[PDB]
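Here the structure comes first, spelled out in structure tokens, and everything after it is commentary.
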Amino acid sequence: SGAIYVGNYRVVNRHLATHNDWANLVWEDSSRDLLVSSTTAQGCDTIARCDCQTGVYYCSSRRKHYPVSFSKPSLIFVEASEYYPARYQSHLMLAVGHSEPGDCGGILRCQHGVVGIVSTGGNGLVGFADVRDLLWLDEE
Ligand SMILES: *[C@@H](C)C(=O)c1ccc2c(c1)NC(=O)CO2
Ligand SMILES: [Zn+2]
């Protein structure tokens with residue numbers, strides 16, 4: 001699975017966070033499926049600060065990056081999988097595209113930087129957890 005490395009922060013899907021993530025916790029929110037932990041090394045990624053609805057995401061289950069149009073971050077209902085239950089998720093963006101369990105954490109990027117990470121899949125839709133509202137990732 002994938003993550004964002006910005007400053008001394010590591011941004012992951014909450015349900016895939018490790019014990020080391022939880023032991024170095026900065027912030028977490030179940031409703032968004034996001035968790036941020038602290039890092040010793042500085043990261044290479046820049047977070048987008050924008051309202052773009054077009055970008056490119058990485059799909060591990062295809063070994064491919066795909067250009068997509070996506071919705072603005074919203075409170076959305078997510079169906080059950082073969083291996084997890086159904087629930088409302090907040091700050092979620094949807095696009096038409098392929099995702100499945102191996103694709104968690106793939107980056108969605110726009111011309112301004114990282115928009116979010118792959119979070120959901122079903123019925124030809126990929127959902128992304130937005131990070132562009134988390135301005136505190138840019139400092140401290
Ligand atoms: C996990 C964070 C993730 O991004 C993901 C994408 C697509 C799908 C799943 C998880 N799980 C499923 O069951 C279906 O597709
Ligand atoms: Zn942008």
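We count residues from 1, following the sequence as given. First listed ligand is number 1; within each ligand, the first listed atom is number 1.
- For residues 86-113, the set of pairs meeting the ring pair (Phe, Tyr, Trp, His ring centres under 6.0 Å) definition, not counting sequence neighbours, comprises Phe77-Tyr88.
- Using a 4.0 Å cut-off between a side-chain N of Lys or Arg and a carboxylate O of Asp or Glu, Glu79 and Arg87 do not qualify as a salt bridge.
- Between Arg32 and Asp133 there is a salt bridge, with a side-chain nitrogen of the basic residue lying less than 4.0 Å from a carboxylate oxygen of the acidic one.
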Could you give the side-chain donor-acceptor pairs of residues 46-54 under 3.5 Å, partners two or more places apart or in another chain?
from  : atom 1 : to     : atom 2 : distance (Å)
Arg49 : NE     : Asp138 : OD2    : 2.9
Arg49 : NH1    : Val131 : O      : 3.3
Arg49 : NH1    : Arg132 : O      : 2.7
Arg49 : NH1    : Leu134 : O      : 3.3
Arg49 : NH2    : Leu134 : O      : 2.9
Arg49 : NH2    : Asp138 : OD1    : 2.8
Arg49 : NH2    : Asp138 : OD2    : 3.4
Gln53 : NE2    : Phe70  : O      : 3.0

Next item on the list: Evaluate side chain to side chain contact (heavy atoms under 4.5 Å, CB included) for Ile117 paired with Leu34, printing each intermediate quantity in order.
Entry: CA-CA 9 Å; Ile117 55 173; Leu34 284 181; 4.1 Å; yes

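- The existence of a salt bridge linking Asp29 and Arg14 is excluded, since no basic side-chain nitrogen approaches an acidic carboxylate oxygen closer than 4.0 Å.
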Next item on the list: Begin from the C-alpha positions of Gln89 and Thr120 and carry the test side chain to side chain donor-acceptor pair (under 3.5 Å) through to its verdict.
Entry: CA-CA 10 Å; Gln89 185 160 320; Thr120 75; over 6 Å; no

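- Around the Zn ion (ligand 2), the protein N, O or S atoms closer than 2.8 Å are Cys50 SG, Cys52 SG, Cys110 SG, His112 ND1, listed by chain and residue number.
- Remark: the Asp103 side chain and the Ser60 side chain contain an N/O donor-acceptor pair separated by less than 3.5 Å.
- Contact shell of ligand 1 (protein heavy atoms, cutoff 4.0 Å): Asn13, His15, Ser81, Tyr83, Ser99, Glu100, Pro101, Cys104, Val118, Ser119, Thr120, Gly121.
- Using the six-membered ring where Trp is involved, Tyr58 and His65 have ring planes that are tilted, between 30° and 60° apart.
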